[PDB]
$ cat model-v5.tsv   # TSV, N, CA and C atoms
chain	number	residue	atom	x	y	z
A	1	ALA	N	85.71	93.91	101.04
A	1	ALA	CA	86.44	94.20	99.82
A	1	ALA	C	85.48	94.33	98.64
A	2	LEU	N	85.19	95.57	98.25
A	2	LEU	CA	84.29	95.84	97.13
A	2	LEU	C	85.10	95.88	95.83
A	3	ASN	N	85.55	94.70	95.41
A	3	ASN	CA	86.39	94.56	94.23
A	3	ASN	C	85.87	93.48	93.29
A	4	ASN	N	84.57	93.20	93.34
A	4	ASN	CA	83.96	92.19	92.48
A	4	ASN	C	83.53	92.85	91.17
A	5	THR	N	84.07	92.35	90.06
A	5	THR	CA	83.82	92.92	88.74
A	5	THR	C	82.72	92.20	87.98
A	6	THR	N	82.03	91.24	88.60
A	6	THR	CA	81.01	90.47	87.92
A	6	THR	C	79.63	91.10	87.97
A	7	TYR	N	79.47	92.20	88.71
A	7	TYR	CA	78.18	92.87	88.81
A	7	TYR	C	78.13	94.04	87.83
A	8	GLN	N	76.92	94.45	87.49
A	8	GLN	CA	76.73	95.50	86.50
A	8	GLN	C	76.72	96.87	87.17
A	9	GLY	N	77.48	97.81	86.61
A	9	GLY	CA	77.47	99.17	87.09
A	9	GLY	C	76.30	99.97	86.54
A	10	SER	N	76.18	101.20	87.03
A	10	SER	CA	75.08	102.08	86.64
A	10	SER	C	75.55	103.42	86.11
A	11	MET	N	76.83	103.57	85.79
A	11	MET	CA	77.38	104.82	85.29
A	11	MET	C	77.89	104.60	83.87
A	12	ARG	N	77.37	105.38	82.93
A	12	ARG	CA	77.79	105.30	81.53
A	12	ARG	C	77.89	106.70	80.97
A	13	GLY	N	78.88	106.92	80.11
A	13	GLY	CA	79.02	108.18	79.40
A	13	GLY	C	80.03	109.10	80.07
A	14	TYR	N	79.64	110.36	80.26
A	14	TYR	CA	80.53	111.38	80.78
A	14	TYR	C	79.80	112.19	81.84
A	15	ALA	N	80.58	112.80	82.73
A	15	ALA	CA	80.06	113.62	83.81
A	15	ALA	C	80.54	115.05	83.63
A	16	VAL	N	79.72	116.00	84.09
A	16	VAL	CA	80.06	117.41	84.01
A	16	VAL	C	80.96	117.75	85.18
A	17	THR	N	82.27	117.61	84.99
A	17	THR	CA	83.25	117.87	86.03
A	17	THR	C	83.75	119.30	85.92
A	18	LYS	N	84.59	119.70	86.87
A	18	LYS	CA	85.16	121.04	86.85
A	18	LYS	C	86.12	121.23	85.69
A	19	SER	N	86.64	120.14	85.12
A	19	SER	CA	87.54	120.24	83.97
A	19	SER	C	86.80	120.52	82.68
A	20	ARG	N	85.53	120.12	82.57
A	20	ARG	CA	84.72	120.44	81.41
A	20	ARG	C	84.05	121.80	81.52
A	21	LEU	N	84.16	122.47	82.66
A	21	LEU	CA	83.64	123.82	82.85
A	21	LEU	C	84.76	124.85	82.82
A	22	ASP	N	85.75	124.64	81.95
A	22	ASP	CA	86.88	125.56	81.86
A	22	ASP	C	86.42	126.97	81.50
A	23	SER	N	85.49	127.08	80.55
A	23	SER	CA	85.02	128.38	80.09
A	23	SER	C	84.07	129.05	81.08
A	24	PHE	N	83.60	128.33	82.09
A	24	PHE	CA	82.64	128.87	83.04
A	24	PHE	C	83.24	129.15	84.41
A	25	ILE	N	84.48	128.75	84.66
A	25	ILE	CA	85.16	129.02	85.93
A	25	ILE	C	86.16	130.15	85.68
A	26	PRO	N	85.96	131.33	86.24
A	26	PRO	CA	86.82	132.47	85.93
A	26	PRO	C	87.97	132.61	86.92
A	27	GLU	N	88.85	133.57	86.61
A	27	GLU	CA	89.90	134.01	87.52
A	27	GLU	C	89.41	135.25	88.24
A	28	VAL	N	89.74	135.35	89.53
A	28	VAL	CA	89.18	136.38	90.40
A	28	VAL	C	90.29	137.34	90.81
A	29	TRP	N	90.04	138.64	90.63
A	29	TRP	CA	90.87	139.70	91.18
A	29	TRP	C	90.11	140.31	92.35
A	30	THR	N	90.44	139.89	93.56
A	30	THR	CA	89.70	140.29	94.75
A	30	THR	C	89.89	141.76	95.11
A	31	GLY	N	90.84	142.45	94.49
A	31	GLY	CA	91.12	143.83	94.81
A	31	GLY	C	92.15	144.02	95.91
A	32	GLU	N	92.57	142.95	96.58
A	32	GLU	CA	93.61	143.05	97.58
A	32	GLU	C	94.97	143.16	96.91
A	33	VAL	N	95.86	143.93	97.52
A	33	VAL	CA	97.18	144.21	96.96
A	33	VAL	C	98.24	143.87	98.00
A	34	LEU	N	99.29	143.18	97.57
A	34	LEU	CA	100.36	142.75	98.46
A	34	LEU	C	101.44	143.83	98.50
A	35	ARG	N	101.43	144.63	99.56
A	35	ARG	CA	102.41	145.69	99.73
A	35	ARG	C	103.78	145.11	100.06
A	36	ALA	N	104.80	145.94	99.93
A	36	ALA	CA	106.12	145.59	100.41
A	36	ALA	C	106.29	146.04	101.85
A	37	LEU	N	107.15	145.34	102.59
A	37	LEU	CA	107.38	145.69	103.99
A	37	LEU	C	108.16	146.99	104.10
A	38	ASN	N	107.70	147.86	104.99
A	38	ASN	CA	108.35	149.15	105.19
A	38	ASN	C	109.50	149.03	106.18
A	39	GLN	N	110.44	149.97	106.08
A	39	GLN	CA	111.57	150.04	106.98
A	39	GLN	C	111.31	151.09	108.06
A	40	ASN	N	112.27	151.24	108.96
A	40	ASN	CA	112.18	152.20	110.06
A	40	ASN	C	113.19	153.31	109.82
A	41	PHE	N	112.70	154.55	109.74
A	41	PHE	CA	113.53	155.73	109.54
A	41	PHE	C	113.53	156.51	110.84
A	42	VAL	N	114.67	156.53	111.53
A	42	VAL	CA	114.75	157.08	112.88
A	42	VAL	C	115.93	158.03	112.99
A	43	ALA	N	116.82	158.00	111.99
A	43	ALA	CA	118.04	158.79	112.07
A	43	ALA	C	117.74	160.28	112.13
A	44	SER	N	116.72	160.73	111.40
A	44	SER	CA	116.40	162.15	111.34
A	44	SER	C	116.06	162.73	112.71
A	45	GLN	N	115.63	161.90	113.66
A	45	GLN	CA	115.30	162.38	114.99
A	45	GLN	C	116.51	162.56	115.88
A	46	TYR	N	117.68	162.07	115.47
A	46	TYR	CA	118.89	162.14	116.28
A	46	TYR	C	119.92	163.06	115.63
A	47	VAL	N	119.44	164.10	114.97
A	47	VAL	CA	120.27	165.07	114.27
A	47	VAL	C	119.72	166.46	114.55
A	48	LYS	N	120.61	167.42	114.79
A	48	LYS	CA	120.19	168.79	115.03
A	48	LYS	C	119.55	169.36	113.77
A	49	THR	N	118.24	169.54	113.79
A	49	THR	CA	117.53	170.09	112.65
A	49	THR	C	117.47	171.61	112.76
A	50	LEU	N	117.58	172.28	111.61
A	50	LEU	CA	117.44	173.72	111.54
A	50	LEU	C	116.42	174.06	110.46
B	1	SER	N	73.61	72.42	76.56
B	1	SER	CA	72.86	72.39	77.80
B	1	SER	C	73.76	72.70	78.99
B	2	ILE	N	73.34	73.66	79.81
B	2	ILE	CA	74.10	74.07	80.98
B	2	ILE	C	73.58	73.41	82.26
B	3	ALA	N	72.79	72.35	82.13
B	3	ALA	CA	72.23	71.69	83.30
B	3	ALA	C	73.29	71.05	84.18
B	4	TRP	N	74.43	70.65	83.61
B	4	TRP	CA	75.48	70.02	84.40
B	4	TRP	C	76.12	70.99	85.38
B	5	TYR	N	76.09	72.29	85.07
B	5	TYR	CA	76.75	73.27	85.92
B	5	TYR	C	76.10	73.32	87.30
B	6	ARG	N	74.76	73.31	87.35
B	6	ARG	CA	74.09	73.35	88.65
B	6	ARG	C	74.32	72.07	89.43
B	7	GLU	N	74.36	70.92	88.75
B	7	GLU	CA	74.64	69.67	89.45
B	7	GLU	C	76.04	69.66	90.04
B	8	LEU	N	77.03	70.16	89.30
B	8	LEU	CA	78.40	70.13	89.80
B	8	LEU	C	78.66	71.20	90.85
B	9	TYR	N	78.03	72.37	90.72
B	9	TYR	CA	78.37	73.52	91.54
B	9	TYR	C	77.26	73.99	92.46
B	10	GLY	N	76.00	73.71	92.14
B	10	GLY	CA	74.89	74.15	92.95
B	10	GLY	C	74.36	75.53	92.62
B	11	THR	N	74.98	76.24	91.69
B	11	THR	CA	74.54	77.56	91.28
B	11	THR	C	74.53	77.66	89.76
B	12	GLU	N	73.75	78.60	89.25
B	12	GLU	CA	73.68	78.82	87.82
B	12	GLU	C	74.94	79.51	87.32
B	13	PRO	N	75.37	79.21	86.10
B	13	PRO	CA	76.55	79.89	85.55
B	13	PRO	C	76.28	81.36	85.31
B	14	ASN	N	77.34	82.15	85.36
B	14	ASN	CA	77.27	83.61	85.21
B	14	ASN	C	77.81	83.98	83.83
B	15	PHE	N	76.91	84.23	82.89
B	15	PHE	CA	77.30	84.73	81.58
B	15	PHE	C	77.27	86.25	81.59
B	16	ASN	N	78.42	86.87	81.34
B	16	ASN	CA	78.54	88.31	81.22
B	16	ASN	C	78.58	88.68	79.74
B	17	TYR	N	78.25	89.95	79.45
B	17	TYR	CA	78.03	90.34	78.06
B	17	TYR	C	79.24	90.09	77.17
B	18	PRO	N	80.46	90.53	77.52
B	18	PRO	CA	81.62	90.13	76.71
B	18	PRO	C	82.06	88.73	77.09
B	19	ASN	N	81.82	87.77	76.20
B	19	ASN	CA	82.16	86.38	76.46
B	19	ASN	C	83.67	86.26	76.61
B	20	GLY	N	84.12	85.86	77.80
B	20	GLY	CA	85.54	85.68	78.04
B	20	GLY	C	86.17	86.82	78.80
B	21	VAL	N	85.35	87.77	79.26
B	21	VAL	CA	85.88	88.91	79.99
B	21	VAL	C	86.47	88.47	81.33
B	22	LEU	N	85.87	87.48	81.97
B	22	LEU	CA	86.31	87.02	83.28
B	22	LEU	C	87.32	85.88	83.21
B	23	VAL	N	87.59	85.35	82.02
B	23	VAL	CA	88.48	84.20	81.89
B	23	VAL	C	89.92	84.65	82.13
B	24	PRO	N	90.61	84.07	83.11
B	24	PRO	CA	92.02	84.40	83.31
B	24	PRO	C	92.88	83.84	82.18
B	25	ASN	N	94.03	84.47	81.98
B	25	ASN	CA	94.94	84.05	80.93
B	25	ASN	C	95.74	82.81	81.29
B	26	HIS	N	95.69	82.37	82.54
B	26	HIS	CA	96.37	81.17	82.99
B	26	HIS	C	95.39	80.31	83.78
B	27	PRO	N	95.43	78.98	83.60
B	27	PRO	CA	94.49	78.13	84.34
B	27	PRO	C	94.64	78.23	85.85
B	28	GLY	N	95.84	78.46	86.34
B	28	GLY	CA	96.09	78.55	87.77
B	28	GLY	C	97.51	78.14	88.08
B	29	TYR	N	97.99	78.59	89.23
B	29	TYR	CA	99.35	78.32	89.68
B	29	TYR	C	99.31	77.42	90.90
B	30	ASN	N	100.02	76.30	90.84
B	30	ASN	CA	100.13	75.39	91.97
B	30	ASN	C	101.19	75.94	92.92
B	31	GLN	N	100.77	76.34	94.12
B	31	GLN	CA	101.66	77.00	95.06
B	31	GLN	C	102.43	76.03	95.94
B	32	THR	N	102.54	74.77	95.53
B	32	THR	CA	103.36	73.82	96.27
B	32	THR	C	104.83	74.22	96.13
B	33	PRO	N	105.55	74.40	97.23
B	33	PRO	CA	106.93	74.88	97.13
B	33	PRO	C	107.82	73.91	96.36
B	34	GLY	N	108.79	74.48	95.64
B	34	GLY	CA	109.73	73.70	94.87
B	34	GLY	C	109.43	73.60	93.39
B	35	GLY	N	108.31	74.14	92.93
B	35	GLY	CA	107.94	74.09	91.53
B	35	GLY	C	108.35	75.35	90.80
B	36	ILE	N	108.58	75.21	89.50
B	36	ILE	CA	109.05	76.29	88.64
B	36	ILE	C	108.02	76.53	87.55
B	37	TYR	N	107.64	77.78	87.36
B	37	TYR	CA	106.74	78.18	86.29
B	37	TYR	C	107.52	79.01	85.28
B	38	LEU	N	107.49	78.58	84.02
B	38	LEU	CA	108.26	79.19	82.96
B	38	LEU	C	107.44	80.23	82.21
B	39	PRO	N	108.10	81.19	81.56
B	39	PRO	CA	107.38	82.13	80.70
B	39	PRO	C	107.02	81.46	79.38
B	40	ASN	N	106.43	82.25	78.49
B	40	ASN	CA	106.09	81.78	77.16
B	40	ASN	C	107.35	81.81	76.30
B	41	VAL	N	107.88	80.64	75.97
B	41	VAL	CA	109.10	80.51	75.19
B	41	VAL	C	108.85	79.56	74.04
B	42	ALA	N	109.61	79.74	72.96
B	42	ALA	CA	109.42	78.93	71.76
B	42	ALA	C	110.27	77.67	71.74
B	43	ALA	N	111.50	77.74	72.24
B	43	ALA	CA	112.37	76.57	72.27
B	43	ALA	C	113.32	76.68	73.45
B	44	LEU	N	113.34	75.65	74.29
B	44	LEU	CA	114.17	75.63	75.50
B	44	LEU	C	115.52	74.96	75.25
B	45	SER	N	116.25	75.42	74.25
B	45	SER	CA	117.58	74.91	73.96
B	45	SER	C	118.63	75.98	74.24
B	46	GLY	N	119.89	75.56	74.25
B	46	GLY	CA	120.98	76.42	74.67
B	46	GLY	C	121.44	77.37	73.57
B	47	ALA	N	121.78	78.59	73.98
B	47	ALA	CA	122.39	79.58	73.10
B	47	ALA	C	123.25	80.50	73.95
B	48	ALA	N	124.30	81.04	73.34
B	48	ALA	CA	125.24	81.91	74.04
B	48	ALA	C	124.75	83.35	73.96
B	49	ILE	N	124.63	83.99	75.12
B	49	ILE	CA	124.15	85.36	75.18
B	49	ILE	C	125.33	86.32	75.07
B	50	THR	N	125.02	87.58	74.77
B	50	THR	CA	126.05	88.61	74.70
B	50	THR	C	126.35	89.13	76.10
B	51	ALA	N	127.63	89.20	76.44
B	51	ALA	CA	128.03	89.64	77.76
B	51	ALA	C	127.78	91.14	77.93
B	52	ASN	N	127.64	91.55	79.19
B	52	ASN	CA	127.44	92.95	79.55
B	52	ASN	C	126.20	93.54	78.87
B	53	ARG	N	125.16	92.73	78.73
B	53	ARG	CA	123.88	93.19	78.21
B	53	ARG	C	122.76	92.56	79.01
B	54	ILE	N	121.77	93.37	79.36
B	54	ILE	CA	120.59	92.89	80.07
B	54	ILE	C	119.61	92.33	79.05
B	55	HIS	N	119.20	91.08	79.26
B	55	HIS	CA	118.20	90.43	78.43
B	55	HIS	C	116.87	90.47	79.17
B	56	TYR	N	115.87	91.04	78.51
B	56	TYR	CA	114.54	91.26	79.06
B	56	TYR	C	113.55	90.32	78.37
B	57	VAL	N	112.85	89.51	79.17
B	57	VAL	CA	111.90	88.52	78.67
B	57	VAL	C	110.57	88.70	79.38
B	58	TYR	N	109.48	88.72	78.62
B	58	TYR	CA	108.16	88.92	79.19
B	58	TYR	C	107.72	87.71	80.02
B	59	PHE	N	107.00	87.97	81.10
B	59	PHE	CA	106.42	86.94	81.95
B	59	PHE	C	105.03	87.40	82.37
B	60	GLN	N	104.01	86.66	81.98
B	60	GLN	CA	102.63	87.04	82.27
B	60	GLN	C	102.19	86.32	83.54
B	61	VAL	N	102.04	87.06	84.63
B	61	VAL	CA	101.54	86.51	85.88
B	61	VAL	C	100.04	86.80	85.88
B	62	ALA	N	99.27	85.87	85.29
B	62	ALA	CA	97.85	86.11	85.06
B	62	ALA	C	97.02	86.00	86.33
B	63	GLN	N	97.58	85.43	87.40
B	63	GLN	CA	96.91	85.35	88.69
B	63	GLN	C	97.95	85.59	89.77
B	64	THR	N	97.48	85.90	90.98
B	64	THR	CA	98.39	86.20	92.08
B	64	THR	C	99.35	85.03	92.30
B	65	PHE	N	100.64	85.33	92.33
B	65	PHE	CA	101.67	84.30	92.37
B	65	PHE	C	102.66	84.61	93.49
B	66	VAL	N	102.85	83.67	94.40
B	66	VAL	CA	103.81	83.83	95.49
B	66	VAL	C	105.09	83.11	95.10
B	67	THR	N	106.18	83.86	94.96
B	67	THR	CA	107.45	83.31	94.51
B	67	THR	C	108.54	83.60	95.53
$ encode --input "model-v5.tsv" --output "structure tokens"
Amino acid sequence: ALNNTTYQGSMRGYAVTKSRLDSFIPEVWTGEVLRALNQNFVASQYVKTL
Amino acid sequence: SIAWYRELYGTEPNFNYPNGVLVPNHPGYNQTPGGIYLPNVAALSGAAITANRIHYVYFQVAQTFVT
């Protein structure tokens, strides 16, 4: 159980976390596009075409 | 003089930078069954409470307490 508070720590101040790099982490447009699902058109093949 | 501490305990006392940081707010709880520990109250005399109302009173459990 590492819960003893009588010893001295070695971390003071602030750390450069991902939350402090808000201006340096961008949004990415990978170029992929989400198409809609296509249907099946088959009726035209079962009709007398002229 | 802190010389008595080593005689009584066998180890040197531990002074931390904020004096009183490790001091608990309660001396300790006697866990012998059948005992009652009261909260911080000013006068233990009778008074009539208002019905259909919850009365909330602070209780500081400064150390682990089995109740």
$ closest_atom_pairs --input "model-v5.tsv" --of "chain A" --to "chain B" --cutoff "10 Å" --atoms "only C-alpha atoms" --output "CSV"
residue,atom,partner,partner_atom,distance
A:5,CA,B:22,CA,8.4
A:6,CA,B:16,CA,7.5
A:7,CA,B:16,CA,8.9
A:8,CA,B:16,CA,9.1
$ atom_distance --input "model-v5.tsv" --atom1 "atom C of residue 56 in chain B" --atom2 "CA of residue 36 in chain B"
18.0 Å
$ closest_residue --input "model-v5.tsv" --among "B:66, B:54, B:61, B:3" --to "residue 40 in chain B" --atoms "only C-alpha atoms"
B:61
$ residues_near_point --input "model-v5.tsv" --point "(110.6, 82.2, 72.7)" --cutoff "12 Å" --atoms "only C-alpha atoms" --output "list in words"
residues 38, 39, 40, 41, 42, 43, 44, 45, 56, 57, 58 and 59 of chain B
$ atom_distance --input "model-v5.tsv" --atom1 "atom N of residue 7 in chain B" --atom2 "CA of residue 4 in chain A"
23.6 Å
$ closest_residue --input "model-v5.tsv" --among "B:62, B:67, B:49, B:1" --to "residue 28 in chain B" --atoms "only N, CA and C atoms"
B:62
$ atom_distance --input "model-v5.tsv" --atom1 "CA of residue 37 in chain B" --atom2 "CA of residue 18 in chain B"
29.4 Å
$ select_by_dssp --input "model-v5.tsv" --residues "chain A" --states "helix (DSSP H, G or I)" --output "tab-separated table (two decimals) with N, CA and C atoms, in the coordinates of the input"
chain	number	residue	atom	x	y	z
A	22	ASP	N	85.75	124.64	81.95
A	22	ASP	CA	86.88	125.56	81.86
A	22	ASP	C	86.42	126.97	81.50
A	23	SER	N	85.49	127.08	80.55
A	23	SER	CA	85.02	128.38	80.09
A	23	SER	C	84.07	129.05	81.08
A	24	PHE	N	83.60	128.33	82.09
A	24	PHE	CA	82.64	128.87	83.04
A	24	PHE	C	83.24	129.15	84.41
A	43	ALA	N	116.82	158.00	111.99
A	43	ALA	CA	118.04	158.79	112.07
A	43	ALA	C	117.74	160.28	112.13
A	44	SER	N	116.72	160.73	111.40
A	44	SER	CA	116.40	162.15	111.34
A	44	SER	C	116.06	162.73	112.71
A	45	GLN	N	115.63	161.90	113.66
A	45	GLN	CA	115.30	162.38	114.99
A	45	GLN	C	116.51	162.56	115.88
A	46	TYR	N	117.68	162.07	115.47
A	46	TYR	CA	118.89	162.14	116.28
A	46	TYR	C	119.92	163.06	115.63
$ build_atoms --input "model-v5.tsv" --residues "range 12-37 of chain A" --atoms "N, CA, C and O atoms" --output "PDB file, in the coordinates of the input"
ATOM      1  N   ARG A  12      77.370 105.380  82.930  1.00  0.00           N
ATOM      2  CA  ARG A  12      77.790 105.300  81.530  1.00  0.00           C
ATOM      3  C   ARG A  12      77.890 106.700  80.970  1.00  0.00           C
ATOM      4  O   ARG A  12      77.097 107.579  81.313  1.00  0.00           O
ATOM      5  N   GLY A  13      78.880 106.920  80.110  1.00  0.00           N
ATOM      6  CA  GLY A  13      79.020 108.180  79.400  1.00  0.00           C
ATOM      7  C   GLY A  13      80.030 109.100  80.070  1.00  0.00           C
ATOM      8  O   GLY A  13      81.129 108.677  80.410  1.00  0.00           O
ATOM      9  N   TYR A  14      79.640 110.360  80.260  1.00  0.00           N
ATOM     10  CA  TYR A  14      80.530 111.380  80.780  1.00  0.00           C
ATOM     11  C   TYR A  14      79.800 112.190  81.840  1.00  0.00           C
ATOM     12  O   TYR A  14      78.571 112.269  81.868  1.00  0.00           O
ATOM     13  N   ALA A  15      80.580 112.800  82.730  1.00  0.00           N
ATOM     14  CA  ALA A  15      80.060 113.620  83.810  1.00  0.00           C
ATOM     15  C   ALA A  15      80.540 115.050  83.630  1.00  0.00           C
ATOM     16  O   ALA A  15      81.620 115.303  83.097  1.00  0.00           O
ATOM     17  N   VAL A  16      79.720 116.000  84.090  1.00  0.00           N
ATOM     18  CA  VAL A  16      80.060 117.410  84.010  1.00  0.00           C
ATOM     19  C   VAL A  16      80.960 117.750  85.180  1.00  0.00           C
ATOM     20  O   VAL A  16      80.484 118.147  86.251  1.00  0.00           O
ATOM     21  N   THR A  17      82.270 117.610  84.990  1.00  0.00           N
ATOM     22  CA  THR A  17      83.250 117.870  86.030  1.00  0.00           C
ATOM     23  C   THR A  17      83.750 119.300  85.920  1.00  0.00           C
ATOM     24  O   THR A  17      83.402 120.043  84.995  1.00  0.00           O
ATOM     25  N   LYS A  18      84.590 119.700  86.870  1.00  0.00           N
ATOM     26  CA  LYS A  18      85.160 121.040  86.850  1.00  0.00           C
ATOM     27  C   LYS A  18      86.120 121.230  85.690  1.00  0.00           C
ATOM     28  O   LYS A  18      86.406 122.372  85.309  1.00  0.00           O
ATOM     29  N   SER A  19      86.640 120.140  85.120  1.00  0.00           N
ATOM     30  CA  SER A  19      87.540 120.240  83.970  1.00  0.00           C
ATOM     31  C   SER A  19      86.800 120.520  82.680  1.00  0.00           C
ATOM     32  O   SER A  19      87.383 121.092  81.754  1.00  0.00           O
ATOM     33  N   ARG A  20      85.530 120.120  82.570  1.00  0.00           N
ATOM     34  CA  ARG A  20      84.720 120.440  81.410  1.00  0.00           C
ATOM     35  C   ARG A  20      84.050 121.800  81.520  1.00  0.00           C
ATOM     36  O   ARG A  20      83.431 122.250  80.547  1.00  0.00           O
ATOM     37  N   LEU A  21      84.160 122.470  82.660  1.00  0.00           N
ATOM     38  CA  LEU A  21      83.640 123.820  82.850  1.00  0.00           C
ATOM     39  C   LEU A  21      84.760 124.850  82.820  1.00  0.00           C
ATOM     40  O   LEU A  21      84.749 125.818  83.579  1.00  0.00           O
ATOM     41  N   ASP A  22      85.750 124.640  81.950  1.00  0.00           N
ATOM     42  CA  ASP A  22      86.880 125.560  81.860  1.00  0.00           C
ATOM     43  C   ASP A  22      86.420 126.970  81.500  1.00  0.00           C
ATOM     44  O   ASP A  22      86.895 127.954  82.066  1.00  0.00           O
ATOM     45  N   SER A  23      85.490 127.080  80.550  1.00  0.00           N
ATOM     46  CA  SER A  23      85.020 128.380  80.090  1.00  0.00           C
ATOM     47  C   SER A  23      84.070 129.050  81.080  1.00  0.00           C
ATOM     48  O   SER A  23      83.765 130.229  80.907  1.00  0.00           O
ATOM     49  N   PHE A  24      83.600 128.330  82.090  1.00  0.00           N
ATOM     50  CA  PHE A  24      82.640 128.870  83.040  1.00  0.00           C
ATOM     51  C   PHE A  24      83.240 129.150  84.410  1.00  0.00           C
ATOM     52  O   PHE A  24      82.556 129.749  85.253  1.00  0.00           O
ATOM     53  N   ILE A  25      84.480 128.750  84.660  1.00  0.00           N
ATOM     54  CA  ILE A  25      85.160 129.020  85.930  1.00  0.00           C
ATOM     55  C   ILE A  25      86.160 130.150  85.680  1.00  0.00           C
ATOM     56  O   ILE A  25      87.149 129.933  84.956  1.00  0.00           O
ATOM     57  N   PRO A  26      85.960 131.330  86.240  1.00  0.00           N
ATOM     58  CA  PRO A  26      86.820 132.470  85.930  1.00  0.00           C
ATOM     59  C   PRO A  26      87.970 132.610  86.920  1.00  0.00           C
ATOM     60  O   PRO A  26      88.076 131.898  87.913  1.00  0.00           O
ATOM     61  N   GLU A  27      88.850 133.570  86.610  1.00  0.00           N
ATOM     62  CA  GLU A  27      89.900 134.010  87.520  1.00  0.00           C
ATOM     63  C   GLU A  27      89.410 135.250  88.240  1.00  0.00           C
ATOM     64  O   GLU A  27      88.754 136.111  87.646  1.00  0.00           O
ATOM     65  N   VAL A  28      89.740 135.350  89.530  1.00  0.00           N
ATOM     66  CA  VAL A  28      89.180 136.380  90.400  1.00  0.00           C
ATOM     67  C   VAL A  28      90.290 137.340  90.810  1.00  0.00           C
ATOM     68  O   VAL A  28      91.347 136.917  91.279  1.00  0.00           O
ATOM     69  N   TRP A  29      90.040 138.640  90.630  1.00  0.00           N
ATOM     70  CA  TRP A  29      90.870 139.700  91.180  1.00  0.00           C
ATOM     71  C   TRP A  29      90.110 140.310  92.350  1.00  0.00           C
ATOM     72  O   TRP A  29      89.231 141.160  92.149  1.00  0.00           O
ATOM     73  N   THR A  30      90.440 139.890  93.560  1.00  0.00           N
ATOM     74  CA  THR A  30      89.700 140.290  94.750  1.00  0.00           C
ATOM     75  C   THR A  30      89.890 141.760  95.110  1.00  0.00           C
ATOM     76  O   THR A  30      89.161 142.262  95.973  1.00  0.00           O
ATOM     77  N   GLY A  31      90.840 142.450  94.490  1.00  0.00           N
ATOM     78  CA  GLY A  31      91.120 143.830  94.810  1.00  0.00           C
ATOM     79  C   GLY A  31      92.150 144.020  95.910  1.00  0.00           C
ATOM     80  O   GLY A  31      92.559 145.162  96.151  1.00  0.00           O
ATOM     81  N   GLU A  32      92.570 142.950  96.580  1.00  0.00           N
ATOM     82  CA  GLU A  32      93.610 143.050  97.580  1.00  0.00           C
ATOM     83  C   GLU A  32      94.970 143.160  96.910  1.00  0.00           C
ATOM     84  O   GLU A  32      95.207 142.557  95.854  1.00  0.00           O
ATOM     85  N   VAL A  33      95.860 143.930  97.520  1.00  0.00           N
ATOM     86  CA  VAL A  33      97.180 144.210  96.960  1.00  0.00           C
ATOM     87  C   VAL A  33      98.240 143.870  98.000  1.00  0.00           C
ATOM     88  O   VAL A  33      98.095 144.220  99.175  1.00  0.00           O
ATOM     89  N   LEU A  34      99.290 143.180  97.570  1.00  0.00           N
ATOM     90  CA  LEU A  34     100.360 142.750  98.460  1.00  0.00           C
ATOM     91  C   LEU A  34     101.440 143.830  98.500  1.00  0.00           C
ATOM     92  O   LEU A  34     102.269 143.925  97.592  1.00  0.00           O
ATOM     93  N   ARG A  35     101.430 144.630  99.560  1.00  0.00           N
ATOM     94  CA  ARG A  35     102.410 145.690  99.730  1.00  0.00           C
ATOM     95  C   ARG A  35     103.780 145.110 100.060  1.00  0.00           C
ATOM     96  O   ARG A  35     103.914 143.943 100.438  1.00  0.00           O
ATOM     97  N   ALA A  36     104.800 145.940  99.930  1.00  0.00           N
ATOM     98  CA  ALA A  36     106.120 145.590 100.410  1.00  0.00           C
ATOM     99  C   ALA A  36     106.290 146.040 101.850  1.00  0.00           C
ATOM    100  O   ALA A  36     105.657 147.003 102.300  1.00  0.00           O
ATOM    101  N   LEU A  37     107.150 145.340 102.590  1.00  0.00           N
ATOM    102  CA  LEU A  37     107.380 145.690 103.990  1.00  0.00           C
ATOM    103  C   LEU A  37     108.160 146.990 104.100  1.00  0.00           C
ATOM    104  O   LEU A  37     109.144 147.206 103.387  1.00  0.00           O
TER     105      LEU A  37
END
